[PDB]
Amino acid sequence: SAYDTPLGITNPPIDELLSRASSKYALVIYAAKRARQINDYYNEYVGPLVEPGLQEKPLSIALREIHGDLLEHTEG
Amino acid sequence: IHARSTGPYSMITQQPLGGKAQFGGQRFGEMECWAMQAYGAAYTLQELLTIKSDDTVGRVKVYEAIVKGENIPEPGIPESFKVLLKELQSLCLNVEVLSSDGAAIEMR
Amino acid sequence: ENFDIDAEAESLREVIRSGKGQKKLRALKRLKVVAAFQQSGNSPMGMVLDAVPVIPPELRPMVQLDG
């Protein structure tokens, strides 16, 4: 209930992420593929959807975009 | 205290050495694999047991990919499996890995 | 080479059928090893080595030690 301002690598919260996928194991790949994409962007080749920070790591962008709900996944 | 990003490898085994004198790595045991699998972190373990240790193309390709700042290449062909395949074929056991459907292949 | 496998199989079947006891017991260990070659594609010809394979050079390496 009371989030109490989380910071850094615990942001964004894991519970708000877990809700998007079926299980955390899905969320891992669901993020990691978006991380793989934003990795590709610097060289789909979609850009950073949520506002990218000063030197934010690909992982954090993916998790922020999953927290923003800007992606969908397909259970193989 | 001991650290190793990369360094000088052994000739006999193709995994980093042990000890601070030879600038070795640090031993990733079975019990760590058990825990990785208990987490269910296939990618971490499969990264630890391929490019981080064995695969000669793997280590240089991942170093190259890291310094270039590109996607990490998917670790394909571990040295251990080549060793065990060649070693089993040395004891006159024909081992061929079949796909779900179609014809079989060599690893390279 | 001078061996038809299905004969040994069908003989084994009547041996385990009729010869119940010690001979069925000795036939029981034979059943698997014999019946393998019918259900499997590989022949029993590969048990005898005309050619012997050689493990790669680097798995049995000759490198000079310090000194």
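No other residue among B:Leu93, B:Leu88 is farther than 21 Å from A:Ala35 by Cα, assigned to a helix (DSSP H, G or I) and within 14 Å of chain C (Cβ to nearest Cβ) apart from B:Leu88.
Yes/no per residue for (1) closer than 21 Å to B:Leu93 by Cα; (2) away from chain B (no Cβ under 14 Å):
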| position | (1), (2) |
| --- | --- |
| C:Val15 | no, yes |
| C:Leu25 | no, yes |
| C:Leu28 | no, yes |
| C:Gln39 | yes, yes |
| C:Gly46 | yes, no |
| C:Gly67 | no, yes |
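Of all residues being part of a loop (DSSP other than H, G, I, E, B) and in contact with a strand residue (DSSP E or B) (Cβ under 8 Å, 6 or more places away or on another chain) in segment B:1-19, which is nearest to the other protein chains (Cβ to nearest Cβ)? Just the residue, please. Checking each candidate, the answer is B:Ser10.
Can you tell me which residue among B:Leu85, B:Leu91, B:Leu49, B:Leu17 is surrounded by 12 or more Cβ atoms within 10 Å (Cβ to Cβ) and either of a type in the set (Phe, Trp, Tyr) or closer than 30 Å to C:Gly46 by Cβ (or both)? Testing whether each residue is surrounded by 12 or more Cβ atoms within 10 Å (Cβ to Cβ) and either of a type in the set (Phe, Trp, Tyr) or closer than 30 Å to C:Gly46 by Cβ (or both) leaves just B:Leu85. Annotation for segment B:35-54: at least one member residue is within 24 Å of C:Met62 (Cβ to Cβ), away from chain C (no Cβ under 13 Å) and of a type outside the set (S, T, N, Q). The sole residue among C:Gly46, C:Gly41 that is within 30 Å of B:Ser80 (Cα to Cα) and in a helix (DSSP H, G or I) is C:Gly46.
Taking the conditions exactly as written (closer than 30 Å to C:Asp66 by Cβ, surrounded by 12 or more Cβ atoms within 10 Å (Cβ to Cβ) and either within 14 Å of chain C (Cβ to nearest Cβ) or of a type in the set (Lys, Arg) (or both)), does B:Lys61 satisfy them or not? So B:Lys61 fails the test.
Neighbour counts run over all protein chains shown; Cβ positions are idealised from the backbone, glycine included. Quick note: the coordinates plus some simple rules give every number you see, no bench work behind them.
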